[PDB]
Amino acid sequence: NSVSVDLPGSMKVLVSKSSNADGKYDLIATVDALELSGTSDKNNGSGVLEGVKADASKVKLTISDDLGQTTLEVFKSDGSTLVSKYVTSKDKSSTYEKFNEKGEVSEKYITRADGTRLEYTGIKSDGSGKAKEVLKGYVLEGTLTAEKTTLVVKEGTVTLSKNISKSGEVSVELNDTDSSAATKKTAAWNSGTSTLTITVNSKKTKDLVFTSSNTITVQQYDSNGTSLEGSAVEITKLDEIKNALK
């Protein structure tokens, strides 16, 4: 009788074919061996299901009315304080939060629809912590504050800093402590094309593009310092970022 419904977060729910005396639909799901059950105002698989872990932690699956989003929460055994929260949004990106004993977020993992990730760990009560961005082929490491995430790559006397603001705005900066004017790198950020242009000895040398696909490409200028040459090459490993900073 029941109807199988496909959900965000690689889950399924079964909804009863017909409603009960009160007009409500029965829901059942199995999530990693745990059986969850509930009732709903709707007939489409949306609503709330509940169950428990083998250790008695409470589990709740909340499916939005239009099936666009799902939330899977684990609580302490009386249901009072959150232990974890896993939200899959309608783009199929997800956020996974883990909580400490006061229900404060201690870890947060954002997985973008393209599979790249931001990982925030050791989060303190001021929203500071450790940060990593997991890209295809490499990882960038740095820190989190309530103002921004800053991911850092060092090569020689050059420090490249990728900033992601609290509101998600990306900007990149480069600072070089090199004391020789012949070799010191400087760079300008163009928010219009998400491009960092490096200069050495008063000529543009490279464009580093931080793409909307969460990749980085590098392209050199001609010796004239004004026209690009060749074609942009996608970075595949951290070592290649370091090479671009030489």
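All residue numbers refer to positions in the sequence shown, first residue = 1.
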> If you average the Cα B factors in the entry, which is higher, 65-73 or 186-194?
Replying inline: 186-194
> Which has higher Cα B-factors on average according to the PDB entry: 175-183 or 27-35?
Replying inline: 175-183
>> Can you tell me which of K132, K136, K124, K108 has the maximum CA B-factor listed in the PDB entry?
In response: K136
> Looking at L82, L118, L151, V87, which has the highest Cα B-factor in the entry?
Replying inline: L82
> Lowest, middle or highest third: where is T157 by C-alpha B factor in its chain?
Replying inline: middle
>> Lowest, middle or highest third: which one holds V170 when the chain's residues are ordered by CA B-factor from the entry?
In response: highest
>> Per the entry's values, where does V209 land by CA temperature factor relative to the rest of its chain, in the lowest, middle or highest third?
In response: middle
> C-alpha B factor of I241, ranked within the chain: lowest, middle or highest third?
Replying inline: lowest
> C-alpha B factor of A232, ranked within the chain: lowest, middle or highest third?
Replying inline: lowest
